[PDB]
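> Would you be able to build a 3D model of this:
(chains A, B and C, ligands or ions: 6)
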Amino acid sequence: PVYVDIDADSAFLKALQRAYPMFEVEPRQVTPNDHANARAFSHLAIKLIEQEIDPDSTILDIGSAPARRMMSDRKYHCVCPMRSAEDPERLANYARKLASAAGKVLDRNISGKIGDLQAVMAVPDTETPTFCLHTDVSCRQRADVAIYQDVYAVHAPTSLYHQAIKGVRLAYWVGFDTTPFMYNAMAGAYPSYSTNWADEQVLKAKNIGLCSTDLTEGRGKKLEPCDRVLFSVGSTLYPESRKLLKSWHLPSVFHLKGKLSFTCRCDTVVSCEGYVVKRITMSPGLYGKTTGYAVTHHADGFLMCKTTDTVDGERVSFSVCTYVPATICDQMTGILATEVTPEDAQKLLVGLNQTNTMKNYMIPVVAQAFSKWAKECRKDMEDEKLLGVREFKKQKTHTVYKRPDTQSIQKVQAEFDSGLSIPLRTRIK
Amino acid sequence: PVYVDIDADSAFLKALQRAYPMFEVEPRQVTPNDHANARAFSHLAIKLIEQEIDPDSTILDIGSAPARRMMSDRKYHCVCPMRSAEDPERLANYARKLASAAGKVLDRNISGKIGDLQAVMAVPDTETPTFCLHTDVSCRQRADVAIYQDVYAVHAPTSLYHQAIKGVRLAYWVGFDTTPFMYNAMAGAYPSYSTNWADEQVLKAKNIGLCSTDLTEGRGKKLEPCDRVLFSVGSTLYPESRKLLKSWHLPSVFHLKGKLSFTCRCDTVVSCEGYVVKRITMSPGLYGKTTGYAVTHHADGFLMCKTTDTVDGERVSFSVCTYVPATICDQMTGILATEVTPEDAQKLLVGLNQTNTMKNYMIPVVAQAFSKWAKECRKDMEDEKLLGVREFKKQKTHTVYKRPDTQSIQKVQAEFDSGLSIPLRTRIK
Amino acid sequence: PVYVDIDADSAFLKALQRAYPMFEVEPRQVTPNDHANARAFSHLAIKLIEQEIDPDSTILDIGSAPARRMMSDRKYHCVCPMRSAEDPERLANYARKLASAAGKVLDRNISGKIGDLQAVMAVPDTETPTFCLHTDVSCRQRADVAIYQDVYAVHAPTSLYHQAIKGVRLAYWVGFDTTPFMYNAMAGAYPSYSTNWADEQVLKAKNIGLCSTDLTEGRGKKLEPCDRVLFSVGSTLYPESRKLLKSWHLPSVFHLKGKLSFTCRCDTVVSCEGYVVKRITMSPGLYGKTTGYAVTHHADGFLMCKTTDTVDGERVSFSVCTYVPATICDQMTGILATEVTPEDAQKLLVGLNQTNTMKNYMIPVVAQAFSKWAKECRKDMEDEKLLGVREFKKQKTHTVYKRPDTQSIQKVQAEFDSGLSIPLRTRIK
Ligand SMILES: Cn1cnc2nc(N)[nH]c(=O)c21
Ligand SMILES: Cn1cnc2nc(N)[nH]c(=O)c21
Ligand SMILES: Cn1cnc2nc(N)[nH]c(=O)c21
Ligand SMILES: [Zn+2]
Ligand SMILES: [Zn+2]
Ligand SMILES: [Zn+2]
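Residues are numbered from 1 along each chain as shown, chains lettered A, B, ... in the order given. Ligands and ions are numbered 1, 2, ... in the order given. Take a look at the structure below.
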């Protein structure tokens, strides 16, 4: 029996049910209609992690949202480095929320939280059990299992290492699937969590879901993905790094070799329409040979196609990715058996949609990806070379369609070897 | 449970429900049928702001309409600079309304309001809690959260700065969406709040929704948008400034650096068919790096196309924008998959309309924008360049269609560094 | 609850309901079937004005029809200059009506009216509260709010100024919409109040609704509108002046600068099928900058097309205007999307009519206006110039169609700086 914050008529409830077999999920929607999907996925991941941990084990909360942790009765040590502009806001409401609970209930250890916050305010560098002002690298509190949450800005090996040296044997990471960044897409969408993202070099493109072009009258030759990308989660902007996103795409077995050596395993437990819940087990010593392979089981179709656009009025081509639902791929099997036009594929996609199962601003590019993939497949079956010999004249590859129940294999690296302001601190009190 | 002033058969009630999930909105219409949409949106925004503020916190009302504030029991400090010709009219009824309530009820602090008004009349420069005669820049009363309302004539950074120096940590801004002015449109419409607007250089055009041409017999070369634009809200005229409209389109994080330094965040909370409710948090100090990006989540389609018209009998071309409803875009997905004529697109739009969901005087231009966008998309997919290289021969870009659930991203600036007349004063008493 | 003098099967009852949302209007017809529309509109305007004024405020009645004012219990000061041939007739019945009420009821201040009339008869230049014999310019009685009624022969700025100097702060003006004269139409119709009008230069035309040609056997080169125009309201004739009709089309804000300076705002409150109820607020001093713009919100379609006729047997071309109903424009949206012949447009208009919604003698010209507008729109969409540049070869403009919910903007001027005969006087007694 699990309760979600989505109306029962939404397809994402079915998606969550599929992605969380161990839980019976039923709708409960009151307030939200935009960020309900991400909130529900995060809540279900938190519940699954809680059910699969020792109730008497101290757990870090690197993905610190202390306002959220008000009902969790487990030993939570939130870590709020105070790095962004928003962190104080959260802090503020958290304090207010504590005050709101300071005289209502006595079951969630309100006095402990308030005292810990007061101690932190008196001295920022306190190591109180349920709060701190240090980065996960610089944190000092010792726990057993550490859980991350929407952390796409920290090198995964380094944070995991500095958590292991603090006795962290298990870690979880709820976030966005990192497949689009291992495939090096310029732009992409997660059109069920209301998120788009684009490389800063395509922000002035016309058709992608995160751009703003100019109505011009018309008139460096190397466009490649750069480290800086932008994530529009609904109306919120997040500047993220490609290299620190292609860092939580950890191989199945990887070694952290330094002063303390460890062998660790990452296994993606939950996967839903773009979100993933990775689990990394950390243990000292070397426990085998690292294959250096990261495996992504595509529970639903993953398309990545090279679309042509116009950036700053200049015609260019770049790659955009999306996560098609599994049912769409299943029902498009037969059509994709034939060479299908982008227009006809778009019409069939609209018909299959119907409410909708896939957002319509993606259909125009999903259809083009399907058509390019079908044409490439036919051109493949229309020419056959000699078996056993790699006969090189490298040719075009303008689509990557990972249908449901397929797997992606990437060779990755497997061997790795105090800001709070005085006025703000005064105000928070 | 929320009550609106619109008949239950109007689509705008559904639009409001979509734009205000946190409230259960039900129709209640007696008097209005023209300005019901804007009034309902403003009332819902006011209710949402009230529910999300400290009940014991003094709040400014820069968008001063003191006649309205007769039921708000919160600490309201209306600011009436007395700058426009209509300001006295409001004042008059305000006073009358106070007199109307001077001997009816004793729950809304009528005596306080009357005494404050008398003190203001005795001396204009009084700093009474619930009234003043100073501009927001020149106001002296100190509060916690400041609310704006239909303020499209004051530089947002300067007003926010002068409110922060007065201890304003939070501010709200209910108004018209500023996307059409970030895209630099010559003319545009908000065809659900009965508003049109045009640049003074196109006021003598033929087909736009705010113009008046002449039946002539026929017979500088640079037309670009200028600062002065005109808003026809129903039958009321408002001369606004482009630069002071492209000033409340604030980035997500912006710094106000002066004698007191602040870092602030603007996040659009509510968005309905053209109206927006922005929220800016003001705080001293610098709390990160400003990315200099403003993000607009297009909950409903936004079209901006270059139409050809005749101004003063001379053929010209200029850009006009509109906000198509989401359902129209959804149902036009498939058709836009194909090259569709403006005539056939217009016929399909009329059929989709049916009462109506979109006003028909816009359909003739919505269809042309749709057709131009479809043709540009096809011409894009009909030519493909080399990936990875910016091969510049800048070409035509004659449409900007931001479908529902897409995002616009504009690089904006993120680092910023006594009139009352004696006869009127005598009469008001 | 409001009661009108029109049968419930008439479309004008629906038009009135639309134009008067604040009132619940129900039919009550006994006597009239021709002038019911104008009488109902005037009565509703009078009721709305009464409900929105101080009950204890003296009000002028420049549009003096004292016979009508027998039930109005408010302080009415009718002004009858005695300028036309009809004024005595009215006077006569007025006196008779007073006598008819002289011994029936004692609630409407009949004795006061009779005494005032007797005092006026004894001395014409009396300033009695409820009667006078002076023009609004020459009137001496002092009031607060002045109401006009069907006054299309007096310069609006001068009358308003001479009323302000007499302490007139508010004024109303119920009359015919002045849009056809700001667009400078030669002839026009109000085919819901049974009114036509023509310029004296087209009174001998064939097809317009106010003309009389001659069955001739056949055989100055500048036809432009002149000041003198003729209004046929049903069977009654009214010689009006263009310049004094293009004088109550007041801008939104205008300044009356003389011995006493004032800033004033005119806002059209009610608008129905051609009639309007303008409201002008007059106040001393200067309260802003006058933009010099008059805004007309076209709640229903306004057509003005150049038709070719024969005047005195000579072929000429001149412009005629009309007010199409909103529903006709709505249902013609799709057809106007296509190039439509005047004949086929006429057939569709007849089918849409059906009783009728628009009088059929106008359909022949409404259809031609629609067809010319559609052809001009297509020729516009069939040629596109360079954006941003006014490329002048002034070309044809043979139609002006202001669809419902559009706005007309005209640059107007915003800065302005004893006949009774002895025999008649003896007879009236
Ligand atoms: C904290 N957070 C929640 N959703 C997020 N999405 C991205 N791309 N980066 C973030 O830091 C983030
Ligand atoms: C005060 N107000 C209400 N709607 C408004 N619309 C514009 N454009 N400018 C304004 O000042 C305004
Ligand atoms: C007094 N009156 C009633 N309907 C009227 N119509 C016109 N054109 N001129 C008038 O003076 C008039
Ligand atoms: Zn710690
Ligand atoms: Zn103040
Ligand atoms: Zn008088």
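> Only C-alpha atoms from now on, for both contacts and neighbour counts.
Fine.
> so where do the strands sit in the stretch 101-250 of chain A?
In the stretch 101-250 of chain A, the segments counted as strands under DSSP state E, counting those that start in this stretch are A:145-149, A:170-176, A:187-190, A:195-199, A:228-233, A:236-241.
> Confirm residue A:393 sits in a strand?
No. Applying DSSP: H, G, I helix; E, B strand; the rest coil, one finds residue A:393 to be coil, outside a strand.
> picking that back up, can you put the strands of the stretch 101-250 of chain A in a markdown table and add distance to ligand 1 and mean neighbour count?
Output for the strands of the stretch 101-250 of chain A, formatted as a markdown table (distance: least, CA to the nearest ligand atom, whole Å; neighbours: other CA atoms under 10 Å in any protein chain shown):
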| stretch | distance to ligand 1 | mean neighbour count |
| --- | --- | --- |
| strand A:145-149 | 7 | 21 |
| strand A:170-176 | 7 | 23 |
| strand A:187-190 | 11 | 25 |
| strand A:195-199 | 8 | 25 |
| strand A:228-233 | 5 | 20 |
| strand A:236-241 | 5 | 18 |
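> Please convert those strands to TSV, extending it with distance to chain B.
Formatted as TSV, those follow (distance: least, CA to the nearest CA, whole Å):
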stretch	distance to chain B
strand A:145-149	20
strand A:170-176	18
strand A:187-190	10
strand A:195-199	8
strand A:228-233	7
strand A:236-241	7
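> CSV for those, including distance to residue C:228?
Listed next are those as CSV, based on distance: least, CA to CA, whole Å:
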stretch, distance to residue C:228
strand A:145-149, 80
strand A:170-176, 76
strand A:187-190, 68
strand A:195-199, 66
strand A:228-233, 65
strand A:236-241, 64
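> Relative to chain C, which of these is closest?
strand A:195-199 (29.4 Å; CA to the nearest CA).
> what separates that closest one from the chain centre, distance-wise?
12 Å (CA atoms, centre = their mean, to the nearest Å).
> same question, stretch A:364-376
25 Å.
> Any idea which of the strands of the stretch 101-250 of chain A gets closest to ligand 4?
strand A:145-149 (11.5 Å; CA to the ion).
> Output that closest one in PDB, but only the C-alpha positions, please.
Output in PDB follows, covering the C-alpha atoms of strand A:145-149 (Å, rounded to 0.1, in the frame of the first residue of the first chain):
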ATOM      1  CA  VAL A 145      24.400   4.400   4.400                       C
ATOM      2  CA  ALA A 146      24.400   7.700   2.400                       C
ATOM      3  CA  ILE A 147      21.600   8.700   0.100                       C
ATOM      4  CA  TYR A 148      22.000  11.300  -2.700                       C
ATOM      5  CA  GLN A 149      19.100  13.200  -4.300                       C
END
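> tell me which element residue A:318 falls in.
Residue A:318 is part of strand A:314-323, with elements assigned from DSSP states H and E.
> Okay, helices next: where are they in the stretch 251-400 of chain A?
Assigned by DSSP state H, counting those that start in this stretch, the stretch 251-400 of chain A shows helices spanning A:326-336, A:342-353, A:363-381.
> between those, which gets nearest to chain C?
Counting by CA to the nearest CA, chain C lies closest to helix A:342-353 out of the helices of the stretch 251-400 of chain A; the figure is 24.7 Å.
> Any buried residues in the closest one, and which?
Using 16 or more other CA atoms under 10 Å in any protein chain shown as the test for burial, helix A:342-353 gives A:342, A:343, A:344, A:345, A:346, A:347, A:348, A:349, A:350.
> Give me the angle between that helix and helix B:326-336.
140 degrees (axes from the mean of the first three to the mean of the last three CA atoms, to 10 degrees).
> Please name every helix or strand in contact with helix A:342-353.
Identification of packing neighbours for helix A:342-353 by 3 or more CA pairs under 8 Å, 6 or more residues apart in numbering or on different chains; DSSP states H and E yields helix A:326-336, helix A:363-381, helix B:326-336.
> Redo those helices as a markdown table? Include distance to ligand 6 and mean neighbour count.
Below are these laid out as a markdown table (distance: least, CA to the ion, whole Å; neighbours: other CA atoms under 10 Å in any protein chain shown):
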| stretch | distance to ligand 6 | mean neighbour count |
| --- | --- | --- |
| helix A:326-336 | 82 | 16 |
| helix A:363-381 | 74 | 20 |
| helix B:326-336 | 60 | 19 |
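> so which of the ones you listed gets nearest ligand 1?
helix A:363-381 (22.0 Å; CA to the nearest ligand atom).
> If I take that closest one and helix B:363-381, what angle do their directions form?
Using the same axes, to 10 degrees: helix A:363-381 against helix B:363-381 is 30 degrees.
> what about helix A:363-381 and chain B, any contact?
Yes. Judged by CA under 8 Å from any CA of the partner chain, helix A:363-381 and chain B are in contact via residue A:364.
> ok so, going back, right, and the helices of the stretch 251-400 of chain A - which one's nearest residue C:37?
Among these, helix A:342-353 comes nearest to residue C:37, with 51.4 Å by CA to CA.
> Could you export the closest one as PDB, keeping only the C-alpha atoms?
Extracted as PDB, the C-alpha positions of helix A:342-353 are listed here (Å, rounded to 0.1, in the frame of the first residue of the first chain):
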ATOM      1  CA  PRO A 342       8.100  11.400 -40.800                       C
ATOM      2  CA  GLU A 343       4.700  12.800 -41.800                       C
ATOM      3  CA  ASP A 344       2.900   9.500 -41.800                       C
ATOM      4  CA  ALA A 345       4.800   8.400 -38.600                       C
ATOM      5  CA  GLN A 346       3.700  11.600 -37.000                       C
ATOM      6  CA  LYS A 347       0.100  10.900 -38.000                       C
ATOM      7  CA  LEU A 348       0.200   7.400 -36.600                       C
ATOM      8  CA  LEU A 349       1.900   8.700 -33.400                       C
ATOM      9  CA  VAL A 350      -0.900  11.300 -32.900                       C
ATOM     10  CA  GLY A 351      -3.500   8.500 -33.500                       C
ATOM     11  CA  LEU A 352      -1.700   6.300 -31.000                       C
ATOM     12  CA  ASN A 353      -1.600   9.100 -28.400                       C
END
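> Just the residues contacting it, thanks.
In this structure, residues lying in contact with helix A:342-353 by CA atoms under 8 Å, 6 or more residues apart in numbering or on different chains are A:328, A:331, A:360, A:363-364, A:366-368, A:370-371, B:333-334, B:337-338.
> now stretch A:102-118
A:70, A:71, A:72, A:73, A:95, A:98, A:101, A:128, A:129, A:130, A:131.
> Pick the one among the residues you listed closest to residue A:245.
Among those, residue A:131 lies closest to residue A:245 (CA to CA), at 26.5 Å.
> who touches the closest one in this structure?
Going by CA under 8 Å, 6+ apart, residue A:131 touches A:77, A:78, A:79, A:80, A:116, A:117, A:120.
> Touching, the third one and residue A:133? I think so.
Read that as residue A:79. Yes. Using CA atoms under 8 Å, residue A:79 is in contact with residue A:133, at 6.4 Å.
> Pull up the overlap in contacts between those two.
Common neighbours of residue A:79 and residue A:133 (CA under 8 Å, 6+ apart) are residue A:139.
> The residue nearest to residue A:53 when sequence neighbours are not counted bridge partners, please.
Closest residue in space to residue A:53, ignoring its immediate chain neighbours: residue A:145 at 7.8 Å, by CA to CA, 6 or more residues apart in numbering or on different chains. Beta-bridge pairing for residue A:145 (DSSP bridges): residue A:59, residue A:170.
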